[PDB]
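4 protein chains.
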Amino acid sequence: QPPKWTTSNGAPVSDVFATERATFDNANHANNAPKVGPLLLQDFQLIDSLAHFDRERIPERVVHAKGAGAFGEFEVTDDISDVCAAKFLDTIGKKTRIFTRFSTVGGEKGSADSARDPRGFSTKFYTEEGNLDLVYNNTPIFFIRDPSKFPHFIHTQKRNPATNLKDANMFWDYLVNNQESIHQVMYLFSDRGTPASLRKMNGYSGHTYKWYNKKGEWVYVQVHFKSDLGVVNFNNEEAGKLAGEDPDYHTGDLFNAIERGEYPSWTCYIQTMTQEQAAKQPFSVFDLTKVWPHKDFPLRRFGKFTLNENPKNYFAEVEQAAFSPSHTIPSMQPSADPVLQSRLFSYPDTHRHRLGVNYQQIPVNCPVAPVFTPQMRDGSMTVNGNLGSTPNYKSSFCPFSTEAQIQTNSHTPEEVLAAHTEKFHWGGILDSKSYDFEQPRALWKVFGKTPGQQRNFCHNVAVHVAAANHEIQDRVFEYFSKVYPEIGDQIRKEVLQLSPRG
Amino acid sequence: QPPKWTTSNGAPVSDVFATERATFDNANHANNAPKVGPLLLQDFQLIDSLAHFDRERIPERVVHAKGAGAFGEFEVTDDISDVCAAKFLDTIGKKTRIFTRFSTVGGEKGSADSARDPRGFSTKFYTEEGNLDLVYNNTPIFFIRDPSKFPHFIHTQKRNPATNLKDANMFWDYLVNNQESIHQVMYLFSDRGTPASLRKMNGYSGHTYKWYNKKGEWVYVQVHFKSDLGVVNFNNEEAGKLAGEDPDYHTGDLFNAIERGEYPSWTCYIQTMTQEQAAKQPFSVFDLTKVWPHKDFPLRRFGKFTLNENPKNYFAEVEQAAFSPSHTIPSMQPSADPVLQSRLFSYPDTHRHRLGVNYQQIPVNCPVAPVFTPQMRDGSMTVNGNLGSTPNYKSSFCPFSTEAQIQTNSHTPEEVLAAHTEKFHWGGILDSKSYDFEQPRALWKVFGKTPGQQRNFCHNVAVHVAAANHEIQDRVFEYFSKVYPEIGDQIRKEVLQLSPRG
Amino acid sequence: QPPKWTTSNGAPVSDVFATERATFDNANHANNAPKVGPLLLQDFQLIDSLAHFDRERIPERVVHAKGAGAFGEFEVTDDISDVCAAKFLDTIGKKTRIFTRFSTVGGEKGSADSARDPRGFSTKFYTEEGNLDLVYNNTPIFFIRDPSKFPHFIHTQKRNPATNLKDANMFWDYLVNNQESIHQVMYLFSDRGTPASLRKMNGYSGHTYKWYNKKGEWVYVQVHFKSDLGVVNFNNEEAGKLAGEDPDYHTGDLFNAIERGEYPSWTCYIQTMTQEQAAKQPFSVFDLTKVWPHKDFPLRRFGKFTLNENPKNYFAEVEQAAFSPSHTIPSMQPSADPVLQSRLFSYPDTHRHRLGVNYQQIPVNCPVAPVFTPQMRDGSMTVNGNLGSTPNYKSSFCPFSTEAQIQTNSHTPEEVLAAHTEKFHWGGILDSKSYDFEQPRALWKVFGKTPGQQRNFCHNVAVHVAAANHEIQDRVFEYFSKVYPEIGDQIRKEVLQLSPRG
Amino acid sequence: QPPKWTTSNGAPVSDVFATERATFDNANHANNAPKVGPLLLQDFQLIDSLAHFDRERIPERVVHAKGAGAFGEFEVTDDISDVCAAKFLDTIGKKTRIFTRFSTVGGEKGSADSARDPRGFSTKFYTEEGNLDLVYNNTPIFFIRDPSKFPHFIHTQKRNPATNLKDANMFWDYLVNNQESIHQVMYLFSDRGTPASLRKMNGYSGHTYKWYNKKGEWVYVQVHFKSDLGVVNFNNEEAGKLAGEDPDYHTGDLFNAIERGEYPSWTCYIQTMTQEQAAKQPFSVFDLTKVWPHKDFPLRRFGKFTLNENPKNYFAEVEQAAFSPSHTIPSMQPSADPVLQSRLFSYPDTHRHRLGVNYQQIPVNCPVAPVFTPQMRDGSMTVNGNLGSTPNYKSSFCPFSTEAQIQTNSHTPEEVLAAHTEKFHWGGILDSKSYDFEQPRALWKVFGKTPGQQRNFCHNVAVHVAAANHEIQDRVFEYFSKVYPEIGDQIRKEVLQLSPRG
Ligand SMILES: [Cl-]
Ligand SMILES: [Cl-]
Ligand SMILES: [Cl-]
Ligand SMILES: [Cl-]
Ligand SMILES: [Cl-]
Ligand SMILES: [K+]
Ligand SMILES: [K+]
Ligand SMILES: [K+]
Ligand SMILES: [K+]
Ligand SMILES: [K+]
Ligand SMILES: [K+]
Ligand SMILES: [K+]
Ligand code: NA
Ligand code: NA
Ligand code: NA
Ligand code: NA
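Chains as they are written, first to last, in the UniProt record's numbering: chain A, 3 to 504; chain B, 3 to 504; chain C, 3 to 504; chain D, 3 to 504.
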């Protein structure tokens with residue numbers, strides 16, 4: 003009943019550790035016990051094992067490398083089929099399997115779980131119509147609304163190219179010269195930048211999406227996932243201490259929660275707005291640096307999910323999980339958010355580099371809907387039979403069905419094109435008085451409704467910018483003072499204690 | 003009933019061919035029917051299909067790239083358990099599933115099946131004790147007995163580095179300076195170099211292996227797979243005409259034979275010799291350029307196999323098939339043939355590069371025996387679950403079994419070592435009088451027993467070496483004359499007609 | 003002095019072929035000359051050499067795998083700065099270094115040069131504004147005008163998924179159900195499908211491009227490279243016979259021409275038309291299955307190029323060469339031809355798969371213009387220094403320049419957009435009377451201007467389609483009848499000779 | 003003049019952040035400034051940039067992933083040509099460029115530089131006879147003397163397969179069941195396990211090597227690199243506190259020292275013994291868990307080196323640095339140390355996976371000696387010319403030189419072989435009285451020459467093993483008691499304070 007140890011080709015071994023050698027004769031030695039001589043090329047059992055060891059590592063995710071995952075279940079609790087025709091949403095009580103990967107953004111594989119960063123909150127829905135990936139963050143906004151900036155931004159959040167050190171000069175240099183970032187910089191430097199538990203943070207679509215009901219009518223949609231335990235944060239000092247005591251604290255917190263039977267859960271809501279309402283708003287629905295104010299666009303519950311099952315093997319199920327915003331179902335479509343648009347290409351592109359072209363044959367990534375793609379064949383590590391003899395083009399010798407086209411309803415026309423295609427840069431140095439700082443001003447007031455939050459924000463910025471040199475510091479005070487002047491000045495005063503000038 | 007056409011994530015499509023575009027207004031045009039404008043990045047269906055198309059190709063085999071394959075069944079017909087304790091051999095009537103790949107050596111993926119070359123004949127036995135790969139050729143000898151020469155030799159059989167053309171001058175320059183090659187050269191240029199059908203040629207281990215019985219006694223073994231249809235060949239002109247009319251002839255011949263129920267079959271024999279017999283022979287059992295004479299080491303039948311099932315998908319089952327001499331079972335071990343010894347390393351090495359580290363999880367390569375390698379984990383495209391939570395070392399928390407070592411019997415000791423390790427080159431320029439030219443002379447005598455074979459052999463060499471320059475041609479005549487001077491002169495005469503001088 | 007033979011780390015070897023072994027004692031053997039025993043893992047020279055050998059192969063191009071190349075020189079011979087501000091065109095007599103690769107389409111790397119196929123004619127211009135790639139074929143049209151059809155089409159031109167054989171049934175099944183293919187199909191089965199020499203064929207942009215002058219005015223453009231030796235073709239039987247005798251005929255022809263100094267050269271022309279002209283045509287300038295009639299849009303010479311330098315290493319310069327339509331200069335832009343659009347993505351995508359992310363650091367692919375991409379860093383096999391310590395974002399610490407944007411002149415506006423984005427399928431079954439069959443009828447009349455070309459065309463089709471089943475054959479006869487009924491009947495008659503019915 | 007920002011193909015860009023879109027008409031909106039619509043596939047500048055970003059990451063090293071490096075200079079100070087004929091040692095004052103990489107072992111990228119671990123101390127010497135890699139550690143011993151154990155051991159030093167957390171249970175389960183490990187375990191849990199600075203640690207060959215002089219006489223060698231600043235360590239609490247404050251401390255420490263001209267240096271010594279002396283010792287020179295006592299084998303100085311130049315780009319020079327013990331020069335050979343032997347295969351094996359087959363063409367890895375390997379050609383990312391048209395085998399048409407064989411002097415013959423090859427396991431449960439515990443007892447006494455070192459050792463273990471379960475704890479106490487019982491008692495006392503029992 004105990005399994006036989008083997009080689010990769012399945013032949014039983016007789017000793018796990020012994021290896022083959024042309025023994026030297028040492029019988030006359032003071033210590034003749036060893037049997038030692040040059041190793042032999044024919045020791046398959048050894049070379050098999052060393053060559054596999056030598057290839058264990060695959061490239062880490064270019065961002066969001068450090069992660070933790072679980073499986074679970076999503077359940078419809080309200081009817082929203084007036085908004086969305088999705089089959090997994092079409093019945094109250096209908097359940098769907100999910101897999102979630104939580105992550106930080108900037109850190110590599112050995113980095114701390116408690117670092118200041120946005121958190122990835124990425125969920126795969128295994129539906130009867132295909133795998134739906136909701137690739138969300140723990141924040142409803144982001145630093146950019148121009149997709150060309152992401153390599154620049156991410157570089158400045160990581161390490162200097164000569165030293166391999168983190169560098170506050172470049173970190174802040176990028177942000178003060180691309181000032182659309184300020185809304186998410188404030189959220190990042192609140193205490194939500196250091197959640198106390200992955201079970202105690204929210205997820206947000208961030209982007210606007212477009213959902214279609216069975217009549218072909220579409221609305222714009224924001225999605226909100228709210229922890230049933232609420233948002234609970236560490237502060238800057240707690241998080242930094244924990245980084246040196248348990249860099250894997252959140253991984254274990256989630257795992258142990260699930261082993262105990264204390265399954266974390268989330269409630270799911272949408273905001274919706276019509277094209278006619280969008281035209282009336284002071285912000286674009288395509289602007290990822292904006293939220294939709296709750297008073298004008300209230301949240302509407304539609305479901306809940308629970309993570310109740312730890313992975314059996316982390317590398318196979320978590321490290322190898324692939325999520326893409328372009329993995330959708332017919333009723334849920336991307337908006338023209340420039341950042342989302344670029345994400346549609348970027349995830350599959352990176353997946354093919356990191357995992358291989360057939361990465362969706364890896365079990366965690368397999369759809370449960372039947373996949374039928376006759377024209378997509380071969381590629382490295384084809385393990386699913388490659389559709390056998392099925393013709394590999396749209397053929398007369400093989401029948402198939404297509405769906406009927408979701409025809410857009412005249413009641414809700416698609417957006418009308420302007421007269422030409424153009425290039426556009428939606429960013430840079432912005433005016434203090436424009437609506438681009440009004441949401442950051444609103445975030446400051448939201449801080450002020452909870453005692454301690456404004457002071458923590460200013461302290462969290464100061465300990466970080468104190469490391470940058472004095473000229474960058476000054477640009478940073480101006481930058482926050484474009485929100486409210488008192489913010490930049492409270493930060494300047496604390497930075498001057500930490501970083502003296504004389 | 004017909005399957006729905008989908009994308010890679012399982013989402014049904016509505017149109018197989020339509021693609022998204024920012025349409026230009028052409029309503030006032032002379033022909034206003036087209037709807038054309040710049041393509042949109044958000045067309046996942048399209049980009050999904052093209053990105054997969056762009057990665058269809060995996061690297062081809064460095065040698066033996068062009069092949070054909072079939073599944074079948076091997077059956078024990080005689081008891082040789084006195085020679086070999088293998089479980090798949092341990093009962094007359096016992097059947098084992100097999101997979102065979104046939105191939106040429108030098109040619110690439112679109113080369114002619116009917117070209118002059120050795121033919122590969124590699125079979126995977128899916129046994130209870132693991133996958134046994136018998137990686138054989140259609141010749142019992144080979145060009146080399148020094149492993150370092152294989153890159154040298156193979157390069158001269160392929161293309162000039164500057165022109166990408168075949169080059170008679172390097173082809174023959176290699177051979178006349180490494181004269182251990184002549185035995186296999188004569189076989190190559192006999193009509194067996196152009197088999198009429200893969201169902202009508204033999205397979206041979208070529209190397210000596212060492213097989214062990216339940217008592218731990220071992221003997222040297224040569225293996226012979228003889229077609230139940232006999233050896234049937236094309237002549238040089240048939241084979242060359244076919245290169246242009248049907249370069250896939252053998253591939254279709256095998257496939258059609260199986261489709262119509264004419265299942266090809268082979269009978270399996272061994273030759274055996276003890277260490278005491280080996281010590282008396284004029285040749286080394288470790289010399290791949292040597293056969294064992296039949297009158298002295300007669301063939302002993304043990305089984306048969308039949309290829310009776312075509313692949314469903316050529317790429318997934320044939321192009322991804324991986325074979326290695328070092329994939330064996332405990333009762334069958336390699337001898338110290340230096341060429342075989344380096345093949346133990348080179349095939350798994352090249353497999354990892356061509357297919358990926360986990361290529362034994364591709365279905366055709368999967369063992370049917372239970373595989374248990376707790377210390378070999380992760381790597382690209384882990385699709386078998388990666389052993390779940392099983393500890394990844396030899397641990398107390400997880401019990402396992404090993405086999406008992408096959409203790410070598412004092413009645414057949416292992417070979418005794420000399421005093422020191424050393425470096426050795428077993429080739430180069432050789433003496434006409436030595437035993438290294440004796441088995442070539444015997445092959446000449448064997449040609450002579452069938453009318454036309456001696457004539458054809460000289461013709462087959464002549465047409466090839468006439469493309470070399472005159473100084474090389476001279477060395478070639480001189481090389482064949484080390485066998486019998488009649489041979490070199492007979493070839494010189496015909497080469498002079500084809501390649502006039504002065 | 004002659005160089006020292008080394009290992010890969012530069013250590014001089016003492017013997018090229020000797021290898022290290024734990025020698026067996028065979029002093030008492032009849033033949034004791036061998037020094038043979040198991041090979042040692044510590045033989046770096048052996049293993050280093052075999053491990054490299056094991057990794058020689060990279061994936062072949064998914065199409066156009068079989069190819070031949072040469073470096074040369076483009077020279078401006080007429081001033082066209084009224085049409086195009088490209089710097090490499092800005093002076094009569096300006097010389098630019100080029101690299102050209104020719105190829106077939108469906109054949110793999112070992113396949114026949116003389117096969118019936120379109121030929122690729124791809125040229126890289128190393129200009130002071132960047133590397134411009136003109137990725138052209140030897141035909142001015144192509145089988146598709148929907149980018150999604152390419153994988154389907156190419157698959158049908160290649161091998162059956164189960165048998166790995168070419169398959170006339172799928173070949174013609176695709177063509178007869180996607181009837182826009184017929185113009186290029188007729189070009190293919192003319193004798194231009196079997197050129198006698200890469201030196202004796204033309205190149206064509208095929209797609210419409212859009213070229214801009216210093217004022218921002220733009221015109222649609224078609225480029226023609228006409229061989230100074232004119233177009234010379236084999237007939238079907240010569241090509242088939244040469245497939246068997248010299249599958250590398252074209253490669254040797256090109257190489258030997260340059261070796262002996264008979265440098266091939268082409269003369270370069272453009273056709274041009276304005277947006278206003280385009281609106282009057284019965285064809286779209288975005289339709290790759292269409293040409294521009296010569297008497298309406300006459301050729302205008304602008305230069306010439308000569309191929310005068312053979313590669314020194316085929317693998318390093320030809321096999322690793324990478325071309326993309328999206329590698330362009332600022333004054334030359336793509337049109338909304340839907341096929342050309344998808345090619346902008348597909349080629350850099352497949353390059354990263356086939357060659358690695360940093361394939362443009364491979365010497366043949368390097369630009370001679372200074373590259374400065376601070377935000378594009380790292381990746382496998384960074385060999386160019388990786389910009390040293392240069393910041394990896396757009397920074398205040400590193401000064402840089404950007405050119406000015408070519409502002410589109412109000413004289414020649416960009417194309418106006420329609421109201422909405424949409425999905426379009428530009429093909430399928432077409433009406434015989436429509437203009438989609440008019441340019442095919444004209445090609446027939448061009449064939450008629452030369453005795454035998456019409457009958458040769460029908461013969462070339464018949465011998466190919468005779469292999470397909472009788473239901474496919476029937477569809478093919480109607481297909482060609484849609485051009486003119488006499489064509490379908492001529493082909494039916496000969497196929498009946500070859501493929502009897504009764 | 004400042005450089006022009008370009009695309010990868012060298013075309014200058016006009017704007018660094020603007021991207022193309024099919025703009026939606028929002029002229030009527032409350033805020034009509036945005037120009038936003040779906041992104042275009044033809045935006046090469048964007049897709050080029052994103053596709054490169056998507057591929058920045060290569061696999062991290064399977065071990066020693068976290069690292070820091072610098073260039074420098076080695077200088078001969080004393081003559082040892084009586085021991086070694088290396089050309090780089092043959093003259094007093096001779097200088098050789100070096101590159102050094104330091105690293106931890108277990109930690110991934112992003113982990114703490116201050117972690118308890120061995121330190122990699124790895125150095126590449128660019129000699130005129132080839133690149134010599136001295137792949138050393140900061141300890142003269144290691145955990146194993148059986149190569150098959152390295153994957154087991156490393157796995158237990160890293161993360162649990164299910165949770166992805168470090169696991170003290172598997173960490174100690176491996177060590178107490180393979181008790182040859184204890185010598186290095188004591189060194190690891192001394193304060194040398196947490197150096198204060200990479201500049202303040204020693205390096206050691208660990209393995210015995212064999213060095214040959216010009217007469218062919220060889221001795222066994224051990225190499226010692228002693229920091230000119232001495233060995234300076236943190237205590238456990240300092241190490242841990244620093245992990246949270248500055249996980250990149252050692253990296254910055256080395257960089258800034260060099261930046262400010264405080265170049266670290268090391269003095270280089272050897273121990274040597276003849277085969278005659280080795281046969282008298284209580285330990286095998288092939289045993290990596292042993293040192294040579296200084297009193298019997300005193301250090302002999304021969305040179306020094308200084309790190310005086312920081313890398314310009316960390317990824318290109320440090321991350322892509324590749325070292326291997328089998329990169330050597332003819333006068334420096336490996337011993338039959340079983341661990342060392344397996345390292346000769348394993349490092350190039352992983353290099354080809356991690357960096358590609360042609361990784362020695364990456365600048366930091368290039369030899370400065372002329373490399374000439376005609377039989378090693380092609381492969382992915384061939385960037386050095388591939389030897390042009392040089393023949394790719396040992397050819398009559400290319401002259402070359404080989405060096406003379408260093409023929410072993412009969413005054414120092416090679417080791418004599420026993421009768422047979424065999425398999426062997428040199429570890430497991432060991433007897434307390436055997437010599438395998440003598441050097442650990444001696445290390446205990448070394449600790450006791452300095453106040454508090456014995457107590458710090460026990461504390462450093464106890465805080466680690468306190469996290470294991472009580473049965474594993476009990477086994478750790480017995481394990482250390484096999485050295486001296488007082489050691490286990492002390493550890494048990496402190497563990498009980500941290501891990502109380504009922
Ligand atoms: Cl406050
Ligand atoms: Cl590899
Ligand atoms: Cl004859
Ligand atoms: Cl890729
Ligand atoms: Cl004590
Ligand atoms: K948002
Ligand atoms: K495809
Ligand atoms: K043989
Ligand atoms: K497609
Ligand atoms: K055209
Ligand atoms: K040692
Ligand atoms: K090689
Ligand atoms: Na011994
Ligand atoms: Na239209
Ligand atoms: Na001998
Ligand atoms: Na606008």
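In this text, a Cβ means the ideal position worked out from N, Cα and C, and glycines have one as well.
Please compile the residues from chain B whose C-beta is within a distance smaller than 7 Å of the C-beta of residue 22 of chain C.
The contacting residues are 423 and 425.
For chain D, check one thing: does any of its Cβ atoms lie closer than 8 Å to the Cβ of residue 420 of chain B?
Interface criterion met: the Cβ of residue 420 of chain B is under 8 Å from a Cβ in chain D.
If you measure from each residue's Cβ to the nearest non-hydrogen atom of ligand 16, which ones come out under 6 Å, in chain order?
Going along the chain, the residues that qualify are D:28, D:34, D:35, D:36 and D:37.
Say the cut is 7 Å; is the CB of residue 429 of chain D nearer than that to a heavy atom of ligand 11?
Not one heavy atom of ligand 11 lies closer than 7 Å to the C-beta of residue 429 of chain D.
Who are the near neighbours of residue 226 of chain D in its chain, counting only those whose CB is closer than 8 Å to its CB and skipping five residues on each side?
The residues 142, 204, 205, 206, 207, 270, 271, 272, 273 and 301, in chain order, have a CB closer than 8 Å to that of residue 226 of chain D in the same chain once the five nearest residues on each side in sequence are set aside.
Please look up how many angstroms separate the CB atoms of residue 304 of chain B and residue 91 of chain B, rounded, as I've assumed it's under 8 Å.
7 Å between Cβ atoms; contact.
Using Cβ-Cβ distances below 7 Å, what residues of the segment 100–131 of chain A are close to chain D?
If the cut-off is 7 Å between Cβ atoms, the segment 100–131 of chain A has 109, 110, 111, 112 and 113 near chain D.
DSSP three-state label for residue 144 of chain B, please.
Coil.
Residues of the segment 143–170 of chain B in Cβ contact with chain D at a cutoff of 7 Å, in chain order, please.
Answer set for the segment 143–170 of chain B: 153, 154, 157, 158, 163 and 164.
Backbone CA spacing between residue 419 of chain A and residue 87 of chain A [nearest angstrom]
Spanning the two alpha carbons is a distance of roughly 26 Å.
Which of helix, strand or coil DSSP assigns to residue 283 of chain B
Looking at residue 283 of chain B - three-state DSSP - the assignment turns out to be coil, as it is neither helix nor strand.
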